[PDB]
Amino acid sequence: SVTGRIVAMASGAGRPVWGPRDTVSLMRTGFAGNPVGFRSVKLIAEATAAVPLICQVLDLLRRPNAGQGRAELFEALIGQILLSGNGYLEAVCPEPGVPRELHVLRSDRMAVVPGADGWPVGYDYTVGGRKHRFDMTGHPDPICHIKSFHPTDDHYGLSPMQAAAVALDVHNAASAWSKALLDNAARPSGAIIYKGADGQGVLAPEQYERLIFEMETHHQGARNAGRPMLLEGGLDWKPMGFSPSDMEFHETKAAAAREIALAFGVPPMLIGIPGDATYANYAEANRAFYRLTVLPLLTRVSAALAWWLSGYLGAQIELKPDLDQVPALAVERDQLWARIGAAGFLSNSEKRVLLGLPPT
Amino acid sequence: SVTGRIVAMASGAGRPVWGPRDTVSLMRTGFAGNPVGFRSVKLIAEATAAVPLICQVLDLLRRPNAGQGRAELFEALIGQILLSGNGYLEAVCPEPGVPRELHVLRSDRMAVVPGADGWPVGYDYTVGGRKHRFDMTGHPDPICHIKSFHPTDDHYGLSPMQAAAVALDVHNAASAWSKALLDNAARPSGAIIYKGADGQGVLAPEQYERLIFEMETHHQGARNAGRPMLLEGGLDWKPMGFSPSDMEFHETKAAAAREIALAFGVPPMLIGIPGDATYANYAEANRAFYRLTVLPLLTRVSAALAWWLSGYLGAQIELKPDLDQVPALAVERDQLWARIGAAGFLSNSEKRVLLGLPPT
Amino acid sequence: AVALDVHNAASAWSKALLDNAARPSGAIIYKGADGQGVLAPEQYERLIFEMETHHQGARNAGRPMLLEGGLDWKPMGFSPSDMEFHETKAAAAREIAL
Amino acid sequence: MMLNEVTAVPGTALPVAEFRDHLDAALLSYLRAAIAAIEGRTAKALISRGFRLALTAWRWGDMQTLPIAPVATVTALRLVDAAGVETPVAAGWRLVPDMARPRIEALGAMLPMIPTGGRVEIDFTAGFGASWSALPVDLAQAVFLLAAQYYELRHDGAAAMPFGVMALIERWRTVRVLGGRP
Amino acid sequence: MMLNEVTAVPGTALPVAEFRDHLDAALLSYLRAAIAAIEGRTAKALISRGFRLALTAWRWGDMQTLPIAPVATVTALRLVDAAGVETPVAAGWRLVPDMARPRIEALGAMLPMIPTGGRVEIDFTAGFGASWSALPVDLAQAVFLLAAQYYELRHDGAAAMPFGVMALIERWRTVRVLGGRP
Amino acid sequence: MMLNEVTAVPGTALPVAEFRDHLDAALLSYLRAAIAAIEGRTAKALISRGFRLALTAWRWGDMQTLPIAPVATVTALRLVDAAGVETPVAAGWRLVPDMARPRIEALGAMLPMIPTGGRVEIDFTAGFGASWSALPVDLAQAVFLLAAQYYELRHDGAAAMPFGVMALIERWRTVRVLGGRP
């Protein structure tokens, strides 16, 4: 905090330090552009929104605003923390306490103003040509800013897409390579070379209509595959090929698809990347998914929500995921019960407390 | 909501902000065009409509309108949320409370008018040249707009087909490549080169009818495979080949088919894409299907229906999927019963409550 | 000490192979009317434009590239692509751990 | 795309005296038989006549480069109808004077839309100069090296100097590497 | 990109006397027919005339190297508008005098932005020297070896000495290995 | 990198008498047309004139080898500014006299930093000797074998002796095997 005095002014005191930028270009060619980046964010965002949260805020969280609900709020929120590394949550509060509505303002239309020392003084929602200038000089601080870990930036976070920015281009360009290879590529099945009496000479239109007819009727099609094609003097048929047919940037596009899923943290088994079986049977692939890139991301967003909403209600509320009621950790849930259930040295009163059950 | 004042006018106050467009071009060449995109939507839409919904609306949902039923309503509804990312549900209501009919208006013939601040003021159903201008300045708000998560758009959703828009073209064009390769391709089994006494010279019609006869009768067909074909002076037979025969854009079409299924979220085992076995025996492939792309999609549409229909009846109704009566989660259902059934430290009264059974 | 040098040098071999290596996808050979002759700047700007706009990129993979008299396109390759000192660097990594 | 010229070179501009000094109705007959041969291989004009590129459909919406290379001051861009309305439009395009791609692009929009059946005809003044003294002297020497050959041998008999007829016009030909869609 | 010269070489600068001694209206006609042939193969100027590179769009923002190689003292960089405003700008660029890449780069920023349709025209004085005695003598010998050939044979007939016309100008041609995007 | 010489060879140093004995305004015209041809193939100077290597950016920080090979006694290393400050610096470099890589390296540090736009110009005296009697006699014989050829045939006609013009200057050419970055 003490260094906040010298870093804020050196970054621009009281002036909008906008986002790293391109935060909207990559959203179109990295999310709405390719299926791997689309399915990766969609897989993480809907899984994070589906995990129940416990309250050691609810009524508000279940029904955030008149539009999106609890599911769509977290999806649209995590969908920003993944696409840009920044998550903003506006709260309007006509009456003191739990604010009425929570809105997920899109992160590419939002800039931070560092202010005087350290912590920002406000936020600027800039759509079109107009701003709004939220205010951070209060106790509620209506904007909650969830940042992914950024090592070199001081006011924003890092997007996992930014790391995979090259793999998304390799995947987009190799997919457009195969498509363009089909749209503009002249593959002839042969050629009727007609040199003529001279070294070079065309054939009259009376000979063209005859030749174009005997080729269309008798030598083209599936029903004409093998006609011996008498070639007179001067005429010739050179059968042409198509040397590279399959697999144009096939593995370099597959390796690129694996590096996009690698950056976002999803195991390639879940989204469907064809590749080596690192996990066995989706029992561990889903368990590793919810353990390495879903709950660690949720335990941060939920922790930021709790500390921000507890600034409105007069309490220091805690809000963590409910690791019990998740179907992805059932493989871990039962092996715990098997260890403590088969343990007879302690009585039933002791193991009910070990497994999280209220004693009887 | 506060930023809704500046974003609505900057997007056009009170004017129809039509759909992203192409929402009808891709429906013809991505759903009615190829089997992978057709089977993917059809698989998700009929599975989502088959899941029972619980009411912690029914009579209405089971018999929506005089035409389509509960099954066809959700299929035609999810079939739009998948094809365009937008789902509209019109409700006509002669008497107060539960509206008589629910209609799924196709999303490419519907546009949103943002209005003054934030939330829209109506919707425009534009068929042919005529509009209707629904009205959103009421409590019932007759149109329920289900949107898939769109990060950069403010009034619509994102279609999983839009992400796979290139993979659908690669699949369509590579399939039309193989078809056109069969319709117009001159494959001769040989050629009878007749140079003649000169460097070049045709053979008289008296020699053509003789040659065309001895080739048809004695040298063509399956019953004539090997005739030694005496070649006189000047005549010659050049056996021609067909170098690339199989597998023209074979793997690039297969990889494209896998990326369409990847975007829609179906495991390639279910629809039938030949590829690596990421899942084992359809017990986990179907369970992962209903867990990653069916129930997460249903728990949003059902949640939007509940909050919209509860605006008609005087209650805040909840409407969620019935995860018990689904055959796809039986593999997960029994492993729960095995863990709590084999747990003897707690009595039968405790485990009946743990498994969701009313005690006795 | 030697396995560390083989591992360091083979890793710097792959890196330097990417930093300074001219891989062209082809070449537009223009001999001309003579045995050798350049093409005027009016023909260069035209040729540099039709190649950039219509024949380069992923969206331009297959354009049939009409070649007039004198012009020619020689598609060039890249013969050793993968695995430059691949196993000798892997065997070196195994001898360091050994 | 027709590209039929309006008025030919009168002949008082062709260098019959200079050609005669290089070595008159026959001399004039071989000068233009060598100009047409060279300007057909290089797609040039060399005397700045007036042409009429009367085509029916634009290849692009910001294009339709002109076939004859050295162009200056497109006179009119007429839009006839199916009956021949012959209405001259005056705005919507601009000539980009280039020796490589002499094109008539646009004014920030599409070309003047062509009536169905109502071909567009463009008339321009394409060439190097009005008098022979304005040509690139290497292209003028190539016309002489060719015309003096047509004059010295009357039928197709046989004989490659360092800078011959070919090596002199090899730098005026059009270099194209597209036989594709755009 | 037009690059049409302003004023030709008057002829009082070309060495008609020295060419005659090497072996007059015909001699002058073969000297310039050999200068144009050699300066079209080497992209040089050799007499330092005045040119006008009137292009419409910069290829870079710190570039637009000039086609003619030996350049000195760009006179003006005019920016016309769509109507021909002909406003001369005076700052924002600098000529980097090189025999390899004669370029007019920048002043720490982009080139003077070109008005839409308002082509930029640059006029410069490119060449070796104003008098024939300033040329590289090997390039001057190549002009003589070629002009003396145009003089001794009038039509394209056939006959490679150690340092011929080609071996002398082979070191003045432009060496380029880019047919790509940048 | 310009490398335009300051003063040419006056001609009183070229061996017009010895060339005439080997076989005068024409003889002098073929001697220098053969010196320029040979010193352009070997990148030598042969008469030790004065040059001006006026470049804009060093290729290294301890380098900028000079193009002309036989160099001695770089006179000055001027650093102009954007306006032409023409301030001569006197320390910071040293010429390494080599026939292979005649370079002006450094004094234990970087070259004198070049002002932005303020090109550096170096003037040196590169060559074998001031008089013709100081040349390597095999390079002097090559000039005679070439000049005597330019004299005996005036246009590019055709005729490889054991030690010809090529075999004599093949050991004075620059041997380079780098077309890369450094």
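Chains as they are written, first to last, in the deposited numbering: chain A, 24 to 79, 90 to 393; chain A', 24 to 79, 90 to 393; chain A'', 198 to 295; chain B, 1 to 23, 36 to 171, 175 to 197; chain B', 1 to 23, 36 to 171, 175 to 197; chain B'', 1 to 23, 36 to 171, 175 to 197. A prime marks a further copy of an entry chain.
A virtual CB, placed ideally from N, CA and C, is assigned to each residue, including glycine.
How far does the beta strand (DSSP E) with residue i in it reach, from first residue to last?
| i | result |
| --- | --- |
| A/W270 | 268 to 270 |
| B/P100 | 99 to 101 |
| A'/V154 | Where A'/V154 is concerned, there is no enclosing beta strand (DSSP E), given that its DSSP letter is neither H nor E. |
| A'/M143 | 143 to 146 |
| A/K180 | 176 to 180 |
| B/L65 | 65 to 67 |
Tell me which same chain residues have a C-beta within less than 8 Å of the C-beta of residue i, skipping the five on either side of it?
| i | result |
| --- | --- |
| B/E5 | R61, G62, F63, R64 |
| B'/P100 | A88, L89, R90, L91 |
| A/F167 | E123, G155, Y156, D157, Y158, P175, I176 |
| A/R333 | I179 |
| B/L157 | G179, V180, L183 |
| A/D355 | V74, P75, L76, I77 |
Under 7 Å Cβ to Cβ from residue i, same chain only, skipping five residues before and after it: list those, please.
| i | result |
| --- | --- |
| B''/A154 | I50, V180, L183, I184 |
What are the start and end residues of the alpha helix (DSSP H) that includes residue i?
| i | result |
| --- | --- |
| A'/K384 | 381 to 387 |
| B/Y42 | 37 to 53 |
| B'/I80 | Per DSSP, B'/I80 belongs to no alpha helix (DSSP H) and is neither H nor E. |
| B''/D135 | No alpha helix (DSSP H) contains B''/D135, which is instead part of the beta strand (DSSP E) from 132 to 138. |
| B'/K56 | Here B'/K56 belongs to no alpha helix (DSSP H), and DSSP marks it neither H nor E. |
| A''/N205 | 199 to 216 |
| A'/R163 | It is not in any alpha helix (DSSP H) - A'/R163 carries neither H nor E in the DSSP assignment. |
| B'/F156 | 149 to 164 |
| B'/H22 | 16 to 22 |
| A/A72 | 58 to 72 |
| A/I29 | 27 to 33 |
Within a Cβ cutoff of 6 Å, which residues of the same chain sit near residue i, ignoring the five residues on either side of it in sequence?
| i | result |
| --- | --- |
| A/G120 | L110, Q113, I114, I179 |
| A/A316 | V364 |
Compute the minimum distance between the beta carbon of residue i and the heavy atoms of the ligand MG, and state whether it is under 7 Å.
| i | result |
| --- | --- |
| A''/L244 | In the structure on display, the ligand MG does not appear, and there are no ligands present to speak of. |
Checklist entry - Where are the alpha helix (DSSP H) runs, 4 residues long or more, that stay fully inside the region 226 to 311 of chain A', in chain order? => result Secondary structure in the region 226 to 311 of chain A': the alpha helix (DSSP H) runs of 4 residues or longer, each lying completely within the stretch, are 238 to 251, 283 to 297, 301 to 304 in chain order.
Checklist entry - Would you say the region 112 to 126 of chain B touches the region 141 to 159 of chain B, given that touching needs at least three Cβ pairs under 8 Å? => result Under the 8 Å Cβ criterion, the region 112 to 126 of chain B does not count as touching the region 141 to 159 of chain B, having fewer than three qualifying pairs.
Item to check | Near-chain A residues of the region 229 to 263 of chain A'' (beta-carbon distance less than 7 Å), N- to C-terminal order | outcome: The region 229 to 263 of chain A'' vs chain A, Cβ under 7 Å: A255, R256, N257, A258, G259, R260, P261.
Checklist entry - Touching or not, the region 271 to 280 of chain A' and the region 213 to 232 of chain A', by the rule of three or more beta carbon pairs under 8 Å? => result Under the three-pair Cβ rule at 8 Å, the region 271 to 280 of chain A' counts as touching the region 213 to 232 of chain A'.
Checklist entry - Between the region 335 to 354 of chain A and the region 381 to 389 of chain A, do at least 3 Cβ pairs fall closer than 8 Å? => result Because the criterion of three Cβ pairs below 8 Å is not met, the region 335 to 354 of chain A and the region 381 to 389 of chain A do not touch.
Checklist entry - Do the region 246 to 260 of chain A' and the region 278 to 293 of chain A touch if we need at least three Cβ pairs shorter than 8 Å? => result Contact between the region 246 to 260 of chain A' and the region 278 to 293 of chain A is absent: fewer than 3 CB-CB pairs across the two stretches fall below 8 Å.
Checklist entry - Going along the chain, which residues of the region 42 to 59 of chain A sit with their C-beta nearer than 9 Å to a C-beta in chain A'? => result For the region 42 to 59 of chain A, the residues whose beta carbon sits under 9 Å from a beta carbon of chain A' are, in order, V47, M50, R51, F54, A55, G56, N57, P58, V59.
Next on the checklist: Tell me whether the region 46 to 64 of chain A and the region 315 to 327 of chain A touch, counting them as touching only if at least three CB pairs, one residue from each stretch, are closer than 8 Å.
Outcome noted: Cβ pair count under 8 Å is below three, so no.
Checklist entry - If you pair each beta-carbon of the region 117 to 135 of chain B'' with each one of the region 160 to 168 of chain B'', do three or more pairs fall below 8 Å? => result Contact between the region 117 to 135 of chain B'' and the region 160 to 168 of chain B'' is absent, because fewer than three Cβ pairs lie under 8 Å.
Next on the checklist: Which residues of the region 183 to 194 of chain B have a Cβ closer than 9 Å to any Cβ of chain A''? Give them in chain order.
Outcome noted: Those would be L183, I184, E185, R186, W187, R188, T189, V190, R191, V192, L193, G194, in chain order.
Checklist entry - Listed from N- to C-terminal order along the chain, which residues in the region 300 to 320 of chain A' have their beta-carbon within a distance smaller than 7 Å of any beta-carbon of chain A? => result So the list reads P300, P301, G308, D309, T311, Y312, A313, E317, given in the order they occur along the chain.
Checklist entry - Of all the residues that make up the region 200 to 213 of chain A, which are near chain A'' by a beta-carbon distance shorter than 9 Å? => result Along the region 200 to 213 of chain A, the positions whose C-beta sits under 9 Å from a C-beta of chain A'' are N205, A206, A207, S208, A209, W210, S211, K212, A213, read in chain order.
Checklist entry - Should the region 294 to 311 of chain A' be regarded as contacting the region 206 to 218 of chain A', the criterion being three or more beta carbon pairs within less than 8 Å? => result Judged by pairs of C-beta atoms under 8 Å, the region 294 to 311 of chain A' does not touch the region 206 to 218 of chain A', as fewer than three such pairs exist.
Item to check | At least three beta-carbon pairs within less than 8 Å, the region 227 to 246 of chain A' to the region 66 to 78 of chain A' | outcome: Between the region 227 to 246 of chain A' and the region 66 to 78 of chain A', the count of C-beta pairs closer than 8 Å stays below three; the two stretches do not touch.
Checklist entry - What runs of the beta strand (DSSP E), each 3 residues or longer, lie entirely inside the region 94 to 142 of chain A? => result Taking only runs of at least 3 residues, the beta strand (DSSP E) segments lying wholly in the region 94 to 142 of chain A are 119 to 125, 134 to 136.
Checklist entry - Along the region 112 to 136 of chain B, what residues have a CB closer than 9 Å to any CB found in chain A''? => result When C-beta distances to chain A'' are compared with 9 Å, the residues of the region 112 to 136 of chain B below that value are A112, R113, in chain order.
Next on the checklist: Which residues of the region 150 to 167 of chain A' have a Cβ closer than 7 Å to any Cβ of chain A? Give them in chain order.
Outcome noted: Taking 7 Å as the Cβ-Cβ cut-off against chain A, the residues of the region 150 to 167 of chain A' that qualify are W152.
Item to check | Any 3 or more C-beta pairs closer than 8 Å across the region 131 to 141 of chain A' and the region 90 to 101 of chain A' | outcome: Short answer: they touch.
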